[PDB]
């Protein structure tokens, strides 16, 4: 859409680049909200309303073609990110789901490089990514997420998309969802926005999930028809890793009786281990709390290979068919090596209560506990804070 008059004021976030010899060194980065979360309205004289809702093409009368959509739909800058539940303080990023004015911004943001015009590209095969988190105010049904998508570095800045990454354009993931704009351009044919995605962190205070998602396409692919579906170009399900699903029920939760106690803040380490030819082979997650390393659990379920790490053998044995067919752990790693954009978000799920994260086989939450109508009785103001984002050499971030 056309950038409007209103100025965009991005929150600044200090992050770190780490090596064993040099330790962790500060770097200046900026934070940008998703393009379609900025105010999107019609050009002067066309009346009130936006340019389409999630899941659909843009409206045909303001957008009959890309060129008309590019002048008839306006995307305003956000001068005060706090009005969308997004604030920073030095090395910390606070995401608030619900505000006191009653809105539910549910923010999704990306990490911009120091120029503000290009996303920070992370290349993590053979390296590790680490962060500290406070998950106390995330009850059953909430999802705080921190992940990588293979978005274009400038947000696909182009003739009809002059805003680019400065405005948060170019979102994609492995779900191939239909959005009214893709790469900042009206999505006239209602295609889906597809790309490889590494779900580093999807969690609340009750459960923690990790999952790589492969696609057989490089970068953002605009799919049509069956390309967008389950047997198409991307792996919807991913290769999931959750202590509850592998029958280790005392690892993570609210209380001293769990090895990772979500009543207190903790550190989350994720290592992308490669073979001697440079291809990703294993994904290893462990935690640090109160100055002590907390090793990963090992699997404990009949029919699941004994492992403390994500790998092809584990993914295949747990039924992750599309993950294997669309590239497997090596394919995930090839996307990581090309370069990925960091996304952070906080959201709930009116349709299914986030059951795949923390109910049944996945956690301790009861049927209905995760509904939004019930979340607000437990915690009226859900939020998450991420602090000291840092990445680099194996063994150097913690």
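Residue numbers count along the first chain shown, from 1.
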Name the higher of the two by mean Cα B-factor in the PDB entry, 332 to 340 versus 58 to 66.
-> 58 to 66
Hey, which bit's got the bigger mean C-alpha B factor in the entry, 167 to 175 or 276 to 284?
-> 276 to 284
For the listed residues 362, 27, 31, 346, which one has the largest C-alpha B-factor as given in the deposited model?
-> 362
Of the options 155, 238, 253, 319, which has the highest CA B factor as deposited?
-> 319
Among the chain's modelled residues, which third holds the C-alpha B-factor of residue 14?
-> lowest
Determine, from the deposited record, the chain-internal third of the Cα B-factor for residue 202: lowest, middle or highest.
-> lowest
In terms of the chain's CA B-factor thirds, is residue 292 lowest, middle or highest?
-> highest
So, residue 388's CA B-factor, relative to its chain, sits in which third? The middle
By the entry's values, the third containing the CA B factor of residue 118 is the middle
